[PDB]
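Engineer: Going by UniProt numbering, the residue at position 113 of the sequence shown is 208; the numbering climbs one at a time, nothing skipped. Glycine included, every Cβ here is placed at the ideal spot set by N, Cα and C. Below is a structure I'd like to ask you about.
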Amino acid sequence: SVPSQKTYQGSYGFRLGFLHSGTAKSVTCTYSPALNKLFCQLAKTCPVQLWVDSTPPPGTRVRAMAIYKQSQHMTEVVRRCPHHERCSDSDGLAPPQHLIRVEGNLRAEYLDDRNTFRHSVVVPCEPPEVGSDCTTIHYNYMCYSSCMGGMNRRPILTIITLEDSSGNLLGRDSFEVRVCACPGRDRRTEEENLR
Ligand SMILES: [Zn+2]
């Protein structure tokens, strides 16, 4: 099967937000609204904002999962390549096979689906810090888009779902991801191509 990628705000008005980081050659993570695509370096912090219109119930959670963007690859589980799954760069919580990690959240849980074999990482939905209007989750992507035997140059999407305590759907959003050495240059290039 294939997880849905349909944008759905739901009862709570759920959607994502991204910082405006620019495209200098030194940038480590940058988001393109025109492409709905995040460009980031290997294992670097990717701040993703969560926005809602109203407060969801206690026990609400936020899950991230990657899928291949191209239909002919959609049924294939997105996972780390044969090199990176064995490089012992564990943070003590994320399984070494998982592409997406959450940084600095001890309540993060990593799922290997018993039926689809797909990977995801899920955290409790938390209110903004005092003085802030949204909550930020810090993600890491642990393989390059180009990794042989892994993504192998195939584009992926990250799907973020807002879930109730049973795992039922409350909201959904998504964005394409390219993990690369020079996010600034590649974003500039792909945006120029689009024009
Ligand atoms: Zn890799």
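Identify every residue that forms a DSSP beta bridge with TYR107.
Structural biologist: Along the sequence shown, one-based indexing puts residue 107 at 12. None, per the DSSP bridge assignment.
Engineer: Output the boundary residues of the alpha helix (DSSP H) element that contains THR284.
Structural biologist: Here residue 284 refers to the residue found at position 189 of the sequence shown. 278-289 is the extent of the alpha helix (DSSP H) around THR284.
Engineer: Measuring alpha carbon to alpha carbon, tell me which residue in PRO177, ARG248 and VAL216 is nearest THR256.
Structural biologist: On the sequence shown, residue 256 is found 161 positions in, with the first residue counted as 1. The residue with the shortest Cα to Cα distance from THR256 is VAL216.
Engineer: Relative to the C-alpha of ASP148, which residue among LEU111, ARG248 and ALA189 is closest?
Structural biologist: Taking the sequence shown and counting its residues from 1, the one referred to as residue 148 is at position 53. Comparing Cα positions, the closest option is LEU111.
Engineer: Out of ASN263, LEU264, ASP184 and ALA129, which one is the CA nearest neighbour of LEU137?
Structural biologist: Here residue 137 refers to the residue found at position 42 when the sequence shown is read from its first residue. Ranking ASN263, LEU264, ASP184 and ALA129 by Cα distance to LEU137 puts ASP184 first.
Engineer: Just the C-alpha distance for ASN235 and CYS176, rounded to the nearest angstrom, thanks.
Structural biologist: Indexing the sequence shown from 1 puts residue 235 at position 140. Indexing the sequence shown from 1 puts residue 176 at position 81. Approximately 15 Å, taken between the alpha carbons.
Engineer: Taking 8 Å as the cut-off, does the stretch 266-280 touch the stretch 108-128 (at least 3 CB pairs, one atom from each stretch)?
Structural biologist: yes
Engineer: Any heavy atom of ligand 1 closer than 7 Å to the beta-carbon of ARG282?
Structural biologist: Reading the sequence shown from its first residue, position 187 is the one you call residue 282. No, the Cβ of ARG282 stays beyond 7 Å of every heavy atom of ligand 1.
Engineer: So is the beta-carbon of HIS214 under 7 Å away from any non-hydrogen atom of ligand 1?
Structural biologist: Here residue 214 corresponds to residue number 119 of the sequence shown, with the count starting at 1. Ligand 1 never approaches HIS214 closely enough for any of its heavy atoms to be under 7 Å from the residue's Cβ.
Engineer: Can you find a heavy atom of ligand 1 that lies under 7 Å from the Cβ of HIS179?
Structural biologist: On the sequence shown, residue 179 is found 84 positions in, with the first residue counted as 1. At least one heavy atom of ligand 1 sits closer than 7 Å to the Cβ of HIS179.
Engineer: Measuring only from the beta carbon, is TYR236 closer than 7 Å to any heavy atom that is part of ligand 1?
Structural biologist: Locating residue 236 in the sequence shown gives position 141, counting from the first residue. Taking non-hydrogen atoms of ligand 1 into account, the C-beta of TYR236 is found less than 7 Å away from none of them.
Engineer: Are at least three pairs of beta-carbons, each pair with one atom in the stretch 237-248 and one in the stretch 205-216, less than 8 Å apart?
Structural biologist: no
Engineer: So, are the CB atoms of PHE134 and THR140 less than 8 Å apart?
Structural biologist: Residue numbering aside, residue 134 sits at position 39 when the sequence shown is read from its first letter. Residue numbering aside, residue 140 sits at position 45 when the sequence shown is read from its first letter. 8 Å or more divides the Cβ of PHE134 from the Cβ of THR140.
Engineer: At what residue ranges does the stretch 225-263 contain a whole run of the beta strand (DSSP E), taking only runs of 3 or more?
Structural biologist: 230-236 and 251-258
Engineer: Could you tell me if the beta carbon of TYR239 falls within a distance shorter than 7 Å of some heavy atom in ligand 1?
Structural biologist: Reading the sequence shown from its first residue, position 144 is the one you call residue 239. Yes.
Engineer: Can you name, in chain order, every residue of its own chain whose Cβ lies under 6 Å from the Cβ of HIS168, other than the five neighbours on each side?
Structural biologist: As a position in the sequence shown, residue 168 is number 73, starting the count at 1. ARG249.
Engineer: With a CB to CB cut of under 8 Å and the five nearest residues on each side skipped, what residues in its chain are close to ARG202?
Structural biologist: Against the sequence shown, residue 202 aligns to sequence position 107. Within the same chain, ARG202 has close Cβ partners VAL218 and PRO219.
Engineer: Could you tell me the boundaries of the beta strand (DSSP E) in which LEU145 lies?
Structural biologist: Position 50 of the sequence shown, counted from the start, is the residue given in the question as residue 145. Start and end: 141-146.
Engineer: Since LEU264 contacts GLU258 with CB under 8 Å, what's their CB separation in whole angstroms?
Structural biologist: On the sequence shown, residue 264 is found 169 positions in, with the first residue counted as 1. On the sequence shown, residue 258 is found 163 positions in, with the first residue counted as 1. About 7 Å separates the two Cβ atoms, so the contact holds.
Engineer: For residue 72, verify whether its CB is less than 7 Å away from any heavy atom of ligand 1.
Structural biologist: It is not possible to answer for residue 72, since the shown part of the chain is limited to 96 through 290.
Engineer: Quick check for students: name the residue ranges of the beta strand (DSSP E) that lie wholly in the stretch 130-206, counting only runs of 3 or more.
Structural biologist: 132-135, 141-146, 156-163 and 195-197
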